[PDB]
2 protein chains.
Amino acid sequence: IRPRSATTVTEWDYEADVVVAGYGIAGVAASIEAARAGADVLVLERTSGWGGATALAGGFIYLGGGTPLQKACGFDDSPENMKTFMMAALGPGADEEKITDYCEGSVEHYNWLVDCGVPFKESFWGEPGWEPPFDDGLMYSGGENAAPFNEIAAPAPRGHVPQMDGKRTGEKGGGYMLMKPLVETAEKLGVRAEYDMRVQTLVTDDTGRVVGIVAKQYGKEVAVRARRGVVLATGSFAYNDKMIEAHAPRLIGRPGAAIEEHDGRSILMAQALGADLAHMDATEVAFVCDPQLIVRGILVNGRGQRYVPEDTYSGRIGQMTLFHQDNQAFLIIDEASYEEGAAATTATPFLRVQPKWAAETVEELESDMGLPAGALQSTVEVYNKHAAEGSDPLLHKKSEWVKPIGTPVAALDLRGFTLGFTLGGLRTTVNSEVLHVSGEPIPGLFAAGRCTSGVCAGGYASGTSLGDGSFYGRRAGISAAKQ
Amino acid sequence: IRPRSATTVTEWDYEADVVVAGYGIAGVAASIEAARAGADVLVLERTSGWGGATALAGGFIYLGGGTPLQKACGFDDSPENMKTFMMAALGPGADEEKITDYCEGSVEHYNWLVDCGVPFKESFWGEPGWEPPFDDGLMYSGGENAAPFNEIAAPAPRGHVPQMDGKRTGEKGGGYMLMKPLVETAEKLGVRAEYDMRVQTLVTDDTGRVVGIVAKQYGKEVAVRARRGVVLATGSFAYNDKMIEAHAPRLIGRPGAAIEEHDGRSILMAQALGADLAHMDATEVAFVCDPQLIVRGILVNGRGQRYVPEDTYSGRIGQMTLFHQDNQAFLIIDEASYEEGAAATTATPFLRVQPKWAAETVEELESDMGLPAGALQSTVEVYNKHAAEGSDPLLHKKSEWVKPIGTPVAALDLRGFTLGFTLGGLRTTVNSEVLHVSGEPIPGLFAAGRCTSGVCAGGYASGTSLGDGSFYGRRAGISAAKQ
Ligand SMILES: Cc1cc2nc3c(=O)[nH]c(=O)nc-3n(C[C@H](O)[C@H](O)[C@H](O)COP(=O)(O)OP(=O)(O)OC[C@H]3O[C@@H](n4cnc5c(N)ncnc54)[C@H](O)[C@@H]3O)c2cc1C
Ligand SMILES: Cc1cc2nc3c(=O)[nH]c(=O)nc-3n(C[C@H](O)[C@H](O)[C@H](O)COP(=O)(O)OP(=O)(O)OC[C@H]3O[C@@H](n4cnc5c(N)ncnc54)[C@H](O)[C@@H]3O)c2cc1C
Ligand SMILES: [Cl-]
Ligand SMILES: [Cl-]
């Protein structure tokens with residue numbers, strides 16, 4: 001992992017101006033910009049083909065500030081409103097400079113993606129869910145339309161989703177129709193790609209400039225020269241158990257990144273040169289229960305207490321459950337509401353969890369679940385008293401979802417229903433330069449995507465990973481192509 | 001911050017075998033061991049005198065496994081029981097190798113401290129509090145005698161406190177009687193000290209070995225040669241705002257380390273060489289309300305819900321409040337119980353917070369506090385139903401503290417009552433060698449105390465900082481003195 005001195009490289013197996021490690025969203029975006037700038041670009045991919053986790057993703061891309069898609073669907077937004085939301089939802093300690101930059105450039109970035117051939121349907125999906133069941137292009141994806149954020153920033157949906165039939169998240173998701181037009185663009189520009197390239201070490205000259213990389217390809221060591229810059233774009237550290245334990249131990253035993261190649265190597269390679277890190281504890285957290293069920297009940301913790309409005313983003317429900325309720329949750333839902341939720345339109349019918357307990361009364365359900373007498377009954381009594389008036393003054397679930405819980409009543413056992421991926425990584429500038437602990441860029445070294453600390457510092461919104469990876473991937477390619 | 005090449009050092013201002021940066025607990029312990037091993041030892045201290053944060057501390061030192069002090073006070077313990085507790089309480093992701101080592105060596109370490117002249121009174125203080133009001137030597141300090149840990153490990157008090165009259169935490173605390181006998185020991189051994197030394201940069205040779213440091217002393221740059229090793233012992237990063245934002249943003253605006261010199265420089269200096277880090281998000285959190293009040297009431301969050309047994313360690317109450325209840329807490333307490341708590345013996349009478357609201361009934365108190373109708377009433381009704389039977393089945397506060405809340409009733413406003421210090425830092429071995437991201441020690445470089453990730457990975461127990469700093473300080477001195 002220690003850097004290799006360039007003087008010890010006897011021959012270069014490959015050479016380019018800009019060498020991009022990783023052919024996912026950040027890597028392809030960097031390749032396009034670098035090639036447009038006139039650089040000779042070579043992408044190094046560890047597997048046998050392009051796409052990475054991006055091709056398996058739902059395809060949300062977190063964009064706003066008044067995109068053509070938001071306008072076509074009748075939703076106002078601005079860069080200031082988007083920034084207000086993201087600072088509140090994606091912290092604490094969110095990078096104000098980076099978020100401001102991302103928001104100010106968002107509409108241009110949407111148009112840039114469309115120019116590369118990424119298609120979006122001018123239609124909005126408005127029901128709770130993890131993704132649009134159909135090929136709709138816009139959806140709420142960060143809890144913008146739920147408490148507390150709906151009182152902090154004006155709600156606007158920012159989940160932009162490429163148009164695709166037969167989306168299968170985890171196999172070939174909406175994220176595939178982000179990657180494919182970008183790959184076609186890169187290929188037409190003359191971007192080169194080498195496969196089975198497992199990048200291992202950075203090569204530096206006696207000034208400390210990064211001037212190439214060492215990799216294993218087809219079983220043997222190879223050295224790749226980078227005349228202008230190396231862009232690290234190899235993904236997260238979710239599958240590196242030692243790093244999870246040391247940095248993000250809330251994910252011990254509940255890994256949820258899309259691919260195994262997310263082993264943190266590029267973070268380590270850069271740390272070896274003195275690169276700085278940020279938010280290494282930050283984690284996306286999914287909650288594997290269908291949102292159409294969740295929104296029609298109340299979530300309670302292991303003490304029978306409500307703790308999150310049930311109409312926020314499911315990922316935020318995941319974080320609140322794992323982080324603050326010791327990963328213990330139950331959905332309390334009356335039989336009629338469960339039936340309505342189970343019949344509702346969803347992209348994830350496989351997440352329709354069946355109730356574990358069912359009873360004629362809340363008092364019986366409470367004793368069935370092993371809760372102390374009154375713990376659940378009181379929660380339901382107080383909820384119902386205010387719900388009869390359409391009001392949730394405790395957690396501010398929107399009134400359209402608020403009504404008394406009736407009988408018979410059921411409980412879904414949602415203990416240990418979370419998993420996630422890492423959000424921390426290398427510290428980078430808005431130009432995607434990797435920062436040394438001195439606060440200065442490391443010459444020749446750029447990075448984007450989930451090997452970096454991006455727009456999310458703590459909280460997460462769906463789309464921010466493909467959003468920041470593509471946005472800052474572009475910046476890394478622009479910067480790396482400079483002479 | 002980038003390392004200085006030794007070839008560029010034209011003259012060394014000072015030279016020693018073992019150079020210790022920082023004259024607090026970790027630094028003095030390292031100095032004693034290195035000098036006992038026959039090394040020429042030089043301590044570099046940034047301020048005008050020794051002691052650092054240690055001299056201002058309450059003086060708890062987290063020790064167990066059957067110390068002479070535990071035995072004299074009639075408390076059984078073993079290294080296995082101590083390990084079981086610490087793994088459960090100081091995680092998640094606690095370092096099992098390090099905790100096991102610390103527990104197996106704890107009794108020897110207690111005896112080592114006594115041999116150096118640290119005095120302890122053979123007496124135990126049993127009432128809730130932040131420290132013994134008098135000169136008692138033993139106290140519970142980590143919630144060992146409260147849920148959930150009292151069902152996971154056999155309770156044993158491990159807060160060992162040096163004997164001292166007129167202890168004033170933040171000025172000259174019990175921690176002073178840890179530091180003073182150790183300084184006397186170090187002085188008799190011939191340990192040298194230079195003051196106004198602000199260490200800035202490590203010096204490396206062409207193999208990457210750390211062979212000295214560069215510092216500013218008395219206004220000018222100086223270079224200090226370390227023939228055998230450099231021990232970094234300069235404290236935490238709590239006062240470095242940029243590092244707090246990037247790594248531990250839960251502490252933004254609520255700093256609570258004892259001294260300003262905790263600016264993270266040694267963490268950065270070592271990262272520049274490729275040193276690895278762990279648990280950079282981990283934070284001790286104090287809760288600035290007297291424990292004799294807290295234990296006689298119920299704590300509720302901003303939704304009027306209980307969330308922590310009120311007889312656990314106050315620091316754990318702090319963490320639960322800041323981390324999981326958005327820093328919002330209120331103590332609900334009846335007038336009679338408040339009077340009894342306010343009259344109880346404490347080291348911290350200045351933390352006797354006065355109630356903000358007082359009412360004849362819980363229903364009135366609830367509406368006074370702005371809580372929704374029923375939110376607080378139901379909490380108190382359920383608590384009281386079980387408390388009439390001496391039982392807290394929700395949070396398992398011990399029965400001796402459980403009884404119905406009566407009337408009139410008051411609420412203390414404990415929103416924004418937390419502050420803390422950082423627990424993350426350099427990754428070190430059990431021999432206090434600083435680890436590179438490669439997993440190999442950096443030659444010549446050792447570290448201990450709050451510039452390192454020690455026994456705490458997340459949770460905190462009082463005494464673990466002076467405990468691990470002194471224990472791993474010894475190891476750093478032993479390792480650094482080797483040829
Ligand atoms: C179920 C699920 C759904 C998701 N849906 C969304 C979504 O809708 N919107 C969103 O924003 N995020 C989503 N994500 C997250 C998103 O998929 C990833 O965070 C994102 O794709 C990472 O982009 P990247 O360019 O950093 O990594 P990738 O797209 O994974 O690309 C990294 C590439 O680097 C290669 N690589 C790894 N190591 C090396 C090496 N040593 N040498 C050379 N190459 C290497 C990999 O094989 C890979 O091709 C989802 C995640 C999950 C688990
Ligand atoms: C109110 C309060 C009470 C506490 N009580 C306890 C307790 O009872 N038990 C417990 O375990 N913990 C307690 N702590 C924590 C404990 O005080 C510290 O964590 C511990 O003293 C740190 O030990 P150290 O050796 O790392 O740092 P220190 O003891 O602070 O020593 C570090 C030394 O390095 C010097 N230094 C800094 N930078 C440089 C530099 N660049 N060059 C040279 N020198 C430098 C400093 O001036 C200082 O003298 C308490 C904290 C607070 C805030
Ligand atoms: Cl992923
Ligand atoms: Cl401190």
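Atom set for the values below is all heavy atoms of this structure, side chains included, hydrogens, waters and symmetry mates excluded. Throughout, protein chains are lettered first and strands after them, A, B, ... in sequence-line order, and every chain is numbered starting at 1.
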- Bottom line for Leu268(A): the part with an atom under 4.5 Å from chain B's heavy atoms is both
- Query: Does a donor on one side chain sit under 3.5 Å from an acceptor on the other, for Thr429(B) and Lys98(B)?
  - Reply: no
- Query: If you measure only the distance, is there a donor-acceptor pair under 3.5 Å linking the side chains of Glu366(A) and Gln377(A)?
  - Reply: yes
- For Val437(A), is it the side chain, the backbone, both, or neither that has a heavy atom closer than 4.5 Å to a heavy atom of chain B? both
- Do the side chains of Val214(B) and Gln200(B) get nearer than 4.5 Å, heavy atoms only? yes
- Item | Modelled atom types, side-chain donor and acceptor of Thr321(A) and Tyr307(A), under 3.5 Å | yes
- In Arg306(B), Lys398(B), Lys403(B), the residue satisfying salt bridge (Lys or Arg N to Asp or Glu O under 4.0 Å) with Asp392(B) is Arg306(B)
- Pick from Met280(A), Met269(A), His247(A), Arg2(A): which one has the most heavy-atom pairs with chain B under 4.5 Å? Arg2(A)
- Partner chain B: residue of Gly374(A), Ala278(A), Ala373(A), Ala275(A) with the largest heavy-atom pair count (under 4.5 Å): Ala373(A)
- Comparing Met243(A), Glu381(A), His279(A) against chain B, the one with the most heavy-atom pairs below 4.5 Å turns out to be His279(A)
- Query: Which residue out of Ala246(A), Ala375(A), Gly274(A) racks up the most heavy-atom pairs below 4.5 Å with chain B?
  - Reply: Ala246(A)
- Message: Under a 3.5 Å threshold, yes or no: a donor from one side chain and an acceptor from the other, between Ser378(B) and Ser378(A)?
- Response: no
- Query: Which bit of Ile267(A) comes within less than 4.5 Å of chain B, counting heavy atoms only: side chain, backbone, both or neither?
  - Reply: neither
- Just give me the residue among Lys242(B), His386(B), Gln325(B) that pairs up with chain A most often, heavy atom to heavy atom, under 4.5 Å. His386(B)
- Query: Can you find a pair of side-chain heavy atoms, one from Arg254(A) and one from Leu322(A), that are under 4.5 Å apart?
  - Reply: yes
- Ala272(B), part contacting chain A, at a heavy-atom distance under 4.5 Å: both
- When you check the side-chain N and O atoms of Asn327(B) and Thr418(B), is any donor under 3.5 Å from an acceptor? yes
- Item | Under 4.5 Å from a heavy atom of chain A, the part of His436(B) involved | side chain
- Find out whether the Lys NZ or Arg CZ of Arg316(B) is both under 6.0 angstrom from the six-membered ring centre of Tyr460(B) and within 45° of the ring's axis. no
- Residue selection (most heavy-atom pairs with chain B, distance under 4.5 Å) from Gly302(A), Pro393(A), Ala270(A), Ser391(A): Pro393(A)
- Query: Highest number of heavy-atom pairs under 4.5 Å with chain B: which of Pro372(A), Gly424(A), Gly304(A)?
  - Reply: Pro372(A)
- Item | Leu394(B) portion near chain A, given a 4.5 angstrom heavy-atom threshold | both
